[PDB]
Structures are given as C-alpha cells and as structure tokens.
Amino acid sequence: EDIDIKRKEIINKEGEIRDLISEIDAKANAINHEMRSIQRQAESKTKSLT
Amino acid sequence: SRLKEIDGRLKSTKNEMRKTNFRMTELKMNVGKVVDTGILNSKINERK
Amino acid sequence: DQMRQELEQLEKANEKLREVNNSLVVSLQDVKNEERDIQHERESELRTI
Amino acid sequence: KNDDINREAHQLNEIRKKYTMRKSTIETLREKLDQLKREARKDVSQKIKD
C-alpha cells in the first residue's frame, strides 16, 4: 500500500506536470502573438500612424 | 462550421489525452509488480 | 520482467502522442486571430449601419 | 526527486528483504534435510532388519 500511494502521488505529479507544460505552451503561443503584434507596432510607429 | 470543426478537434485531443492517461495508469500497474515479491528461489536452489 | 520492453515501447508511444498533440494544440490559436478579425469586421459593419 | 529517493529507499528495503528470503532458504533447507534424514532412517533400518 505504501508503493501504491507513492505511485498515485507520482501519477498526480505527472498530471500536474502535463498541466504545467500545456500552460507553458499556451503562454509561448501568447508571447509569440504579443511579439508579432509589437513588431507590427514598431513597424507602424511613425507620424500620422502611417 | 470551422469553429465546430476546431471544437470537435479539441474534443478528439481531450479523448487522446484521456487515452494517454489510461496508458500511463496501465503501464504503472504493469511495472509496479515486477520485482516486488516473486523472487522465491528456494525451490530452484534445492533443485540445483 | 519480459513485458518491460513493450512497456518502454508504450512509453515511447506516449511520448510521440504527447508531442503530436502539443503540435496540434498550438494550431488552435491561429483561428483565434481570424475569428477576432471577422468579429472586428462585424463590429465595424454594425457601426457603419 | 523525492519520488526517486523514496524509490531507492524501497529498493534498499527490497535488498533488505533479500536477507528475509535468504533466511527462509536456510529454513526450508532445514526441512529438506530433515525429510531426507527421516526417509533415510526408515531405509537403513529397513535394510538392517532385512
């Protein structure tokens, strides 16, 4: 039962790791979108906005 | 229809995630009982 | 003890599955840009009408 | 990492259980030699009386 509870704990930890890496991938997509938008903004940042 | 297709794909990916969770659980239940107690070699020592 | 080989094979299969679904979930925010664009177009058309 | 350390602790307990099975081997070997001496006692006495 000790082995069993340790294995259930590490399975919960693996699930939490999967959730964390999915959130990390979502944040990477968000940072890529923010980088391309700020690149467009730096390209368009001129007088009369164009 | 495009957003319907993408939410269907999201449901399919969720089903694949559940399948991978089931695979992890069965791999755990398989490797958990490898060298636990089946090392009874007294009979084969007597035999040898 | 012998099935540990098929077990590590299934672990590699789970690795390939997680990598393909990670490459799939990063293909779900590209349509967010186009849906935001079309919703902005609809907002502009309601402002026009 | 805690999973790894408790797993190696469980492995050390398993090789500690290797002394338990080693203790039972000399225990069942005692029964084996006792049965051998019992079956030989009924044989040498049988040959003597024969």
# chains A, B, ... in the order shown; residues from 1 in each chain; ligands from 1
>>> interface_residues(of="chain C", to="chain B", cutoff="7 Å", atoms="only C-alpha atoms", output="NGL selection string")
:C and (1 or 4 or 7 or 14 or 21)
>>> write_last_selection(atoms="C-alpha atoms", output="PDB file, in the first residue's frame")
ATOM      1  CA  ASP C   1      10.107  -8.685 -16.425  1.00  0.00           C
ATOM      2  CA  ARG C   4       9.063  -4.161 -19.597  1.00  0.00           C
ATOM      3  CA  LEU C   7       6.220  -1.079 -21.582  1.00  0.00           C
ATOM      4  CA  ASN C  14       3.009   8.094 -25.228  1.00  0.00           C
ATOM      5  CA  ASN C  21      -0.949  16.691 -29.538  1.00  0.00           C
TER       6      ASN C  21
END
>>> interface_residues(of="chain D", to="chain A", cutoff="12 Å", atoms="only C-alpha atoms", output="list in words")
residues 1, 2, 3, 4, 5, 6, 7, 8, 9, 10, 11, 13 and 14 of chain D
>>> closest_atom_pairs(of="chain D", to="chain B", cutoff="10 Å", atoms="only C-alpha atoms", output="Markdown table")
| residue | atom | partner | partner_atom | distance |
| --- | --- | --- | --- | --- |
| D:10 | CA | B:36 | CA | 9.9 |
| D:11 | CA | B:36 | CA | 9.5 |
| D:14 | CA | B:36 | CA | 7.7 |
| D:17 | CA | B:37 | CA | 9.1 |
| D:18 | CA | B:39 | CA | 8.6 |
| D:21 | CA | B:40 | CA | 7.2 |
| D:22 | CA | B:42 | CA | 8.4 |
| D:24 | CA | B:42 | CA | 7.8 |
| D:25 | CA | B:42 | CA | 5.2 |
| D:26 | CA | B:42 | CA | 8.5 |
| D:27 | CA | B:42 | CA | 9.4 |
| D:28 | CA | B:42 | CA | 7.3 |
| D:29 | CA | B:46 | CA | 7.3 |
| D:32 | CA | B:46 | CA | 8.3 |
>>> select_by_dssp(residues="chain C", states="helix (DSSP H, G or I)", output="ChimeraX atom specification")
/C:4-25,30-48
>>> interface_residues(of="chain A", to="chain C", cutoff="9 Å", atoms="only C-alpha atoms", output="list in words")
residues 22, 25, 26, 29 and 30 of chain A
